[PDB]
């Protein structure tokens, strides 16, 4: 039984937007639903808290908390199997029949200038935080901001707290400058859903020096199943995804690769990776390029070897 850790899906965002017309148990419009987790044989799934950039700055904090309660009410205890991983020890002591679920924060927009709002979310079980989504915010510039500046003092204050609380600092949407400053400050670095710039040149992807630095830093790179970041022409199959894994391995990152699908946040899908239920198929295909020992590394063992401590 090849169990799977996936670091990033947008199920919370989709449920929230759905206004009840979607049930987490079996909605077919959700790449990540309860049935599809079982079928994926998930060990752990990360659920991102993420608000539309058009949610007014003064409603952000309320809508975030709402997504959290959607998690607590809809996702948790589903079928008596979904278990809340609120701390890394909850993960290391999870049963074989239970599936772990954790919360992650995709941009700090919901917290304004307030570190107590962040502390609240951390007390709620948030185990990974990305300072930015695509845009400039109070902590740093995201990757689509042309200015591409690094961290503010507020940003550094945030990371200092993440370090203190054994929470991942997620660089996936971070500007190039922010990424580098973050590596300097953060103790536990992850890229929750990124691929390799050398294979697909989207600004969102990691260049070779950044990948080497991640490896050197002992950080995790979780490759994304989004075709816009997989191939330059934006149309991709499973083999295309594998070419990104190949690239990171050739840079020496065999032990630093995991999966970060970005399921439910995908406008278009990779052929054969249409939803979390297609996971074991993906692993079988992967298994023609990598030993089972290596695939298990990508699937869960690398991540489990990199828990904040």
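Residue numbers count along the first chain shown, from 1.
Higher mean CA B-factor, judged across 87-95 and 177-185 from the recorded values: 87-95. Comparing 269-277 with 244-252, the higher mean C-alpha B-factor in the PDB entry belongs to 269-277. Within the group 64, 48, 70, 257, the record's highest C-alpha temperature factor is found at 70.
For the set 114, 239, 146, 207, the PDB entry assigns the largest Cα B-factor to 114. In the PDB entry, a CA B factor belonging to the lowest third of its chain's modelled residues is recorded for residue 289. Residue 119 sits in the highest third of its chain by CA B factor, as recorded in the PDB entry.
Ranked within its chain, residue 77 lands in the highest third, by CA B factor from the PDB record.
In this PDB entry, residue 100 carries a Cα temperature factor that places it within the highest third of its chain's modelled residues. Remark: residue 233 belongs to the highest third of its chain, ranked by C-alpha B-factor as recorded.
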